[PDB]
């Protein structure tokens, strides 16, 4: 009689076809090998299910009213302290958190809808930690603070820094310790187009575009330093970012 309902996060819940004397619906789900069960006052598969792991950890699956979001939580055996939390949001991005013995977040993995990831590890009580962005073809490494994520690529005397602010806004900067005006790279960030323009000797050399698709493209300027030439090329590997900083 039960109705199978498809959930975000590659899960399924079975909901009773009819409500009980309280007006409520029974919910059953199998997550990995774990059986979870619950009761809901909605008929569509939303609500709360609970179970226990073989090691007595408590498990809770919460499904939002519109089935847009799921939260899968694991707790200590008394149910008081979080051990892990995975939220799949309505855009199908996910956040996976682990918690120290006190239940403070110690690790957070964000998986975007396109599969690229922000990996935050060794998170401390001030929200600082290590950071890695996992892109298609390459990874960017850096640090996390409560103000921003800073991912760094070095090439020669040039340091490229991609910042992701606490609000999610991106800015990019370039620093070059080359003190010679003939060769030193400088760069300007255009927040409107998410483009870093690199200049050498008062002429633009290339545009690095940080796309909404979580890719980077590079396009050269003509020797005149004012017009772009050719067409932008998508970076596929870390060596190509380094080449763009030469």
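Numbering follows the first chain given and starts at 1.
- When 174 to 182 is weighed against 51 to 59, 174 to 182 comes out higher, by mean CA B-factor as recorded in the entry.
- For the pair 71 to 79 and 96 to 104, the mean Cα B-factor is higher in 96 to 104.
- By the numbers in the PDB entry, the CA B factor is greatest at 15 among 15, 238, 228, 233.
- Ranked within its chain, residue 165 lands in the highest third, by CA B factor from the PDB record.
- Ranked by Cα temperature factor within the chain, residue 26 sits in the middle third according to the deposited record.
- When the modelled residues of the chain are ordered by C-alpha B-factor, residue 207 sits in the lowest third.
- In the deposited entry, the Cα temperature factor of residue 115 places it in the middle third of its chain's modelled residues.
- The PDB entry assigns residue 218 a C-alpha temperature factor belonging to the lowest third of its chain's modelled residues.
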